[PDB]
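There is one chain below, alone, in structure tokens, taken in the form deposited in one PDB entry.
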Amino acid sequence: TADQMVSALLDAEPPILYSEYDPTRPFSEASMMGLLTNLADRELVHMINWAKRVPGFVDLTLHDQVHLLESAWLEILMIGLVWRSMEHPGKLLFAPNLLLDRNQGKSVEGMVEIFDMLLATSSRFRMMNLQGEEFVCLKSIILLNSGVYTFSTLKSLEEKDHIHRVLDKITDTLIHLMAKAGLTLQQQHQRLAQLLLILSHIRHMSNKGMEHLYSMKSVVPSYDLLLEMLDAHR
């Protein structure tokens, strides 16, 4: 049911991790990229656990699970960051001990442009009063949607049909949440659209972020890493 979908997603939420650095040492000696890389690397392991709990995800082939996570990982990191930063105007809560403003983004060439986008997205979330139940629906939508247009064998046709069925169930769930909040039918469809259009901007920001990461010529999980992490034993 829609209420069961909501509880499942909320129950699956990953933990909020801390940055790893000597708090009794001067900040200017740290590698900003080192801290951010190390944080994301640890978040990615919990990402895989969360993804396996998104209803419908483990019904797909391992190959298609990997394709979806390879497309979506940075969008999923970024929507979590924007959500964890919503109540910190002007700052990005990478971790509770790593709350950064835009001037701190200037320590890495090209990064302040990305921080500005993330900050503006968190502002948009605040303006709309995004609720946590909506947040978990949108994050699941990113996981299922971001790689689905870039997979026509029979099995692929079946995998795409299943993804679109799950996506439709999440839509039904978002509408149900909004009807419960007292929105009119018109406000429900307007708010659904506003939320989904924000996903376009998250995609944009992920593309700009990935371009920035690739420009360091080093900071990106490989196909084989994600495959090994998703291909678990019992």
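When you see a residue number, it is the position in the sequence shown, counting from 1.
The form solved in complex with a partner chain is left out here; the points below concern that form.
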item: Interface membership of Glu228, the partner chain in the deposited complex, 4.5 Å heavy atom rule; value: yes
item: Distance check, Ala30 to the partner chain in the deposited complex, heavy atom within 4.5 Å; value: no
item: Contact test in the deposited complex: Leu35 vs the partner chain, heavy atoms, 4.5 Å; value: no
